[PDB]
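The chain below stands alone, shown as C-alpha cells; this is the form deposited in one PDB entry.
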C-alpha cells in the first residue's frame, strides 16, 4: 500500500467507458484549472493523453473543439491531437511523443529547457508551420463551426477585454493609455483575419529530435482572428531578433503581412497583461489574481 496521486481505479473505469483499456505507467497533472491531464499507457502498448474536463462548463467546450481538430487534421503539414475519444466526460488521443519546444517541471516557475535562439531549424520550421496554419481557408473554419472574427470584430474583442479589465481592476495610467492608443492606431491593425491557434508558444509546439516543428497541441483558443495573436509569444521568447527572422520567412512561405505587423505584435504582447488578468479573474484563483493586480498596477 503506497499512496499515489492518481486514482487508477477511477481513471481505468472512465477510460473503459470509452473503449480504452489502461495498463501500465501513468502521469497526472492537476495544475489545470479546467482539466485533469493524464498520460497513461493503454493495452495497445501506446501512451494516450486523457484530457478530463472537470466541470460542466468545461465539458461544453469539447464538441466545438473536436470539430476544429477534425477539420485541421488534413490541412496542416504537422500533427495535431487525434481525438479518437471526444465526449463530455473524457477526451483522449494517442500521445504525440515528440517533445514540446519548452520543457518544465509541473508547478515550476522556471523551464528546464527552451529550444535555443540559434536553432535555425526550429526558427525556420516554426515560421513555415505558422504560414501553413494561417493559410487554412476561412471557409473551412466556417464549415467547422469555428468562432469567426472579422477585423472589426477582432478589434472590438480587444476593446471589450480592455474595458472589462478597466472595470474590475485598478490599472497603471500608462498601461491604460498604451492600450487606448493602440486601439485607436488604425495603421497597426490588419485588414484581414486568419485561422489562429490562439494560445501559441513554445510549450504548445512539438519538435522532432532535430528541432524541426512536427506538431502543435492545446487548441482550445483556436478561432479566426488577428494573425498577430500567434506571434506575440515568439517575440516574448526570442526577442526582436527572433521576430525579425520569423516575419521574413513567414512572408516568404506565403504568410500575409502588413507594414506595421511587427509593431502590432509588440502591442499584442503588451495586451497579454489583459489576457492574464481576465484569466485570473475568471479562474477565481487568488494567487493568480494577486499576480494580475500587481502586474496591472505596475508601470510596464
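Just so we're on the same page, rigid core means the largest C-alpha set that superposes within 1.5 Å between forms. Residue numbers count along the first chain shown, from 1.
For the pair 271-279 and 29-37, the record assigns the higher mean C-alpha temperature factor to 29-37. Mean C-alpha B-factor is higher over 109-117 than over the other stretch, the pair under comparison being 202-210 and 109-117. Comparing C-alpha B-factors across 166, 134, 223, 175 in the deposited entry, the largest value falls on 166. Of the candidates 95, 103, 140, 228, the PDB record gives 103 the highest C-alpha temperature factor. Per the PDB record, residue ranking by Cα B-factor puts residue 67 in the middle third of the chain.
Split the chain's modelled residues into thirds by C-alpha temperature factor. Residue 150 is in the lowest one. Residue 264: CA B factor in the lowest third of modelled residues in this chain (values from the PDB entry). Among the modelled residues of its chain, residue 76 has a C-alpha B-factor that falls in the highest third according to the deposited record. Ranked by Cα temperature factor within the chain, residue 46 sits in the highest third according to the deposited record.
The same protein also has a form deposited in another entry, omitted here; what follows describes it.
Following superposition on the rigid core between this form and the one not shown, the residue from 187, 209, 108, 139 with a C-alpha displacement of 2 angstroms or more is 108, and no other. Once both forms are fitted on their core, the CA shift for residue 198 between this form and the one not shown remains under 2 Å. After superposition on the rigid core, displacement of the C-alpha of residue 79 between this form and the one not shown stays below 2 Å. When two forms of a protein are overlaid on their rigid core, residues whose CA moves 2 Å or more are considered shifted, and residue 260 is not one of them between this form and the one not shown.
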